[PDB]
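As structure tokens, the structure follows; a few thoughts come after it.
2 protein chains.
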Amino acid sequence: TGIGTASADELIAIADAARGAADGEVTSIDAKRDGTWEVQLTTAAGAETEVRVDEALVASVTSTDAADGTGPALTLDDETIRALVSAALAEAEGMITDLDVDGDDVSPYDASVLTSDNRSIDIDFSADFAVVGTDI
Amino acid sequence: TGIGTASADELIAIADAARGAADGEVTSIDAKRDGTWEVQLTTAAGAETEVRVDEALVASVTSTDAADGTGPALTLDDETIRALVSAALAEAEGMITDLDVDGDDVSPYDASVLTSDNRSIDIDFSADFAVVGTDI
Ligand SMILES: [U]
Ligand SMILES: [U]
Ligand SMILES: [U]
Ligand SMILES: [U]
Ligand SMILES: [U]
Ligand SMILES: [U]
Ligand SMILES: [U]
Ligand SMILES: [U]
Ligand SMILES: [Zn+2]
Ligand SMILES: [Zn+2]
Ligand SMILES: [Zn+2]
Ligand SMILES: [Zn+2]
Ligand SMILES: [Zn+2]
Ligand SMILES: [Zn+2]
Ligand SMILES: [Zn+2]
Ligand SMILES: [Zn+2]
Ligand SMILES: [Zn+2]
Ligand SMILES: [Zn+2]
Numbered sequence: 143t144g145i146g147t148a149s150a151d152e153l154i155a156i157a158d159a160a161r162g163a164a165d166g167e168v169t170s171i172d173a174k175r176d177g178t179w180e181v182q183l184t185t186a187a188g189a190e191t192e193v194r195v196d197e198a199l200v201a202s203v204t205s206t207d208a209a210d211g214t215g216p217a218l219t220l221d222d223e224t225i226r227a228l229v230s231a232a233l234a235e236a237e238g239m240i241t242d243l244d245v246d247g248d249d250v251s252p253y254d255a256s257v258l259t260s261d262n263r264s265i266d267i268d269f270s271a272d273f274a275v276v277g278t279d280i
Numbered sequence: 143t144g145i146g147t148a149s150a151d152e153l154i155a156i157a158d159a160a161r162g163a164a165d166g167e168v169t170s171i172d173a174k175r176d177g178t179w180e181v182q183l184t185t186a187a188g189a190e191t192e193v194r195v196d197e198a199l200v201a202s203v204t205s206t207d208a209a210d211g214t215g216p217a218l219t220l221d222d223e224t225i226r227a228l229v230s231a232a233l234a235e236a237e238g239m240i241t242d243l244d245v246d247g248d249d250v251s252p253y254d255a256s257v258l259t260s261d262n263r264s265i266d267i268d269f270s271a272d273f274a275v276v277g278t279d280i
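Which chain is which? The protein sequence lines are AAA and AAA', in order. A prime marks a further copy of an entry chain.
In case it helps, the entry's author numbering puts the first sequence at residues 143 to 211, 214 to 280.
In case it helps, the entry's author numbering puts the second sequence at residues 143 to 211, 214 to 280.
In structure tokens, the structure reads:
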């Protein structure tokens with residue numbers, strides 16, 4: 143794939159990840175061909191560790207709104225995210241920026257595509273994943 | 143920046159990160175302009191949570207080699225990674241694939257650049273960060 147990075151900041155992040163999984167100072171950062179990195183740490187003594195370092199996602203709660211006093217009928221289960229992402233990218237090419245199942249019940253799903261133009265396209269979909277609305 | 147993704151797989155990863163920080167099924171995935179995502183989860187009851195989701199790096203130990211029976217004189221401290229990454233990219237443009245301070249003592253530092261050509265350039269540097277060697 144596109145193995146490697148041009149970012150000192152990323153390499154430093156990868157050194158830092160490894161630095162907290164084992165003792166010793168960093169003596170090698172190496173891109174494996176899957177997408178992961180191997181970092182070698184090395185103690186004053188000469189003890190070598192090898193640390194795998196992967197892209198992770200960390201999730202922290204930001205807000206909260208207790209029960210108004214209805215759950216959701218539909219949801220962004222894995223099926224549903226994959227449908228919307230095709231449907232949306234078919235209708236307009238670019239980066240997906242928003243998916244929601246909030247909607248207005250006859251258009252239950254929404255996606256926002258961002259485009260080279262830096263022009264946002266708010267797309268509206270039927271329960272059956274057909275385009276029913278655009279806003280460019 | 144390049145806000146968004148064309149990857150259902152990434153959105154599903156982001157939904158999954160959030161799914162494990164709070165209860166409820168996912169009803170919104172939204173890219174914030176820093177680089178993070180907000181996921182809204184929603185319980186059967188109607189309780190909304192918002193979850194921040196960031197790029198993280200996770201580090202797991204892979205191997206180990208106890209003391210042969214010398215630590216490292218030099219190391220890839222943050223200073224040193226930033227020097228090598230410029231020095232290397234100056235000498236040859238592309239993605240950095242390896243940094244090491246193993247070397248042969250008169251060339252204490254090494255970098256590997258990967259290039260559009262898919263041609264690897266193994267570069268060799270003095271303690272003073274000058275190029276002393278290439279291998280194309
Ligand atoms: U390795
Ligand atoms: U990621
Ligand atoms: U909320
Ligand atoms: U949204
Ligand atoms: U938000
Ligand atoms: U990253
Ligand atoms: U090792
Ligand atoms: U290396
Ligand atoms: Zn609130
Ligand atoms: Zn899943
Ligand atoms: Zn489903
Ligand atoms: Zn709608
Ligand atoms: Zn809309
Ligand atoms: Zn071993
Ligand atoms: Zn640091
Ligand atoms: Zn230093
Ligand atoms: Zn060398
Ligand atoms: Zn070399």
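Ideal Cβ placement from N, Cα and C applies to all residues, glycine included.
- Counting of Cβ neighbours within 10 angstroms places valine 193/AAA among the buried residues, the total reaching 16 or more.
- Chain AAA places no beta carbon closer than 8 Å to that of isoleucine 265/AAA', leaving this residue out of the contacts.
- By the rule of a C-beta closer than 6 Å to any heavy atom of ligand 7, the residues picked out are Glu190/AAA, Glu192/AAA, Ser205/AAA', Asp207/AAA'.
- For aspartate 254/AAA, the number of other beta carbons within 10 angstroms of its own is at least 16, and it is reported as buried.
- The beta carbons of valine 168/AAA and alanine 155/AAA sit no closer together than 8 Å.
- Counting only Cβ-Cβ distances below 7 Å, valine 229/AAA' has contacts in chain AAA at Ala150, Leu153, in chain order.
- For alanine 173/AAA', there is no enclosing alpha helix (DSSP H); the residue is part of the beta strand (DSSP E) that begins and ends at 167-173.
- Taking a cut-off of 5 Å from the heavy atoms of ligand 8, the residues with a C-beta inside it are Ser170/AAA, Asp172/AAA, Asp242/AAA', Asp244/AAA'.
- Looking from the CA of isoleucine 267/AAA', the closest CA among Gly162/AAA', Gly144/AAA', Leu243/AAA', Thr224/AAA' belongs to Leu243/AAA'.
- Against chain AAA, the CB of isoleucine 156/AAA' has a partner CB under 8 Å away; the residue lies at that interface.
- Using a Cβ-Cβ cut-off of 8 Å, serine 202/AAA counts as an interface residue toward chain AAA', since at least one Cβ of chain AAA' sits closer than that to its own.
- In this structure the region 196-205 of chain AAA touches the region 190-204 of chain AAA'; the number of beta carbon pairs closer than 8 Å is three or more.
- If only complete runs of 3 or more residues are kept, the region 238-270 of chain AAA shows the beta strand (DSSP E) at 239-244, 253-258, 265-269, in order along the chain.
- Using a CB distance cut-off of 8 Å, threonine 219/AAA counts as an interface residue toward chain AAA'.
- The beta-bridge partner set that DSSP reports for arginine 194/AAA consists of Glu180/AAA, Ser202/AAA'.
- With contacts defined as CB atoms closer than 8 Å, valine 200/AAA' and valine 181/AAA' fail to qualify as a contacting pair.
- The alpha-carbon separation between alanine 209/AAA' and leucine 183/AAA amounts to approximately 13 Å.
- Near ligand 11, meaning a Cβ closer than 7 Å to any of its heavy atoms, lie the following residues in chain order: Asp221/AAA, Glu223/AAA, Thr224/AAA.
- Relative to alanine 198/AAA, the option among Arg175/AAA', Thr224/AAA', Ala157/AAA' whose CA is nearest is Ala157/AAA'.
- Around ligand 18, the residues selected by a Cβ distance under 6 Å to any of its heavy atoms are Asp254/AAA', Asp266/AAA', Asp268/AAA', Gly277/AAA', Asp279/AAA', following chain order.
- In this structure, the beta-carbon distance from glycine 277/AAA to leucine 258/AAA does not fall below 8 Å.
- Note on geometry: alpha-carbon atoms of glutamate 223/AAA' and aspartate 151/AAA lie some 11 Å from one another.
- Within chain AAA, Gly215, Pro216 have C-beta atoms less than 7 Å from the C-beta of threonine 184/AAA', given in sequence order.
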